[PDB]
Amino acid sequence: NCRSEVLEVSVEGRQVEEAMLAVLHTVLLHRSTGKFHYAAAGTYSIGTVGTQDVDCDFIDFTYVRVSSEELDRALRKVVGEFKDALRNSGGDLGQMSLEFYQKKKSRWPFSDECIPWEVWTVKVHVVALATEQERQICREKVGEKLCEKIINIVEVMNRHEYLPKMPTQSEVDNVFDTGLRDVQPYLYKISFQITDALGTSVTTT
């Protein structure tokens, strides 16, 4: 019964990237462990995860991410593709989604089914600014908002009970992404989507 969480931020254009990187990394900070080194007997040792602070150029904000420079590009590139799509879409509103799934083996010939257990969606609202003062004020207020966002992500990280059980050695790529050198995230995929802004009903009001 995959759990879903929705966030929303209102930023200037040149603030999208960092904003996105602050959310993703934060989530990926909680959804990753040290790299497993298995022994033939079945036991395994767990590596050590490093963390570092990222100061934002365009936001008055700092966030903690894992010290894996390949993960940082797996994020920066897809965030760059989303940032490309937003500008190409014109004056309309976009969103990115981060899903954590596990692989489940199915009998031949069926492909193994990816079952998601957790999905994080953040909706991006882009505002165009006109003066330099608006830019400065935006730099501070977006920082405060992102503080609230990280706080809520952390509280959700307690309100979520389920996690996949630890795999055995041959079972490990059904649960974890083992392609990185310095961190072992849960199996995840990041996609994005440019929304059509819809209306609000004049019923409850």
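Numbering starts at 1 and runs along the sequence shown. Basically, rigid core = biggest C-alpha set you can superpose within 1.5 Å across the two forms.
- Across the superposed structures in 4 other deposited structures of this protein, aligned by the core, the stretch whose Cα atoms lie more distant on average is 191 to 199, chosen from 5 to 13 and 191 to 199.
- After superposition on the rigid core, the larger root-mean-square Cα deviation in 4 other deposited structures of this protein belongs to 104 to 112, not to the other of 104 to 112 and 124 to 132.
- The deposited sequence places no unmodelled residues between residue 132 and residue 133, so the chain runs continuously there.
- The question of which stretch, 161 to 169 or 26 to 34, has the higher mean Cα B factor is settled in favour of 161 to 169.
- Higher mean CA temperature factor, per the PDB entry, when comparing 170 to 178 with 144 to 152: 170 to 178.
- In this entry, the residue among 195, 10, 184, 15 with the greatest C-alpha B factor is 195.
- For residue 69, the recorded CA temperature factor ranks within the highest third of the chain's modelled residues.
- Remark: residue 101 belongs to the middle third of its chain, ranked by C-alpha B-factor as recorded.
- Among the modelled residues of its chain, residue 120 has a C-alpha B-factor that falls in the lowest third according to the deposited record.
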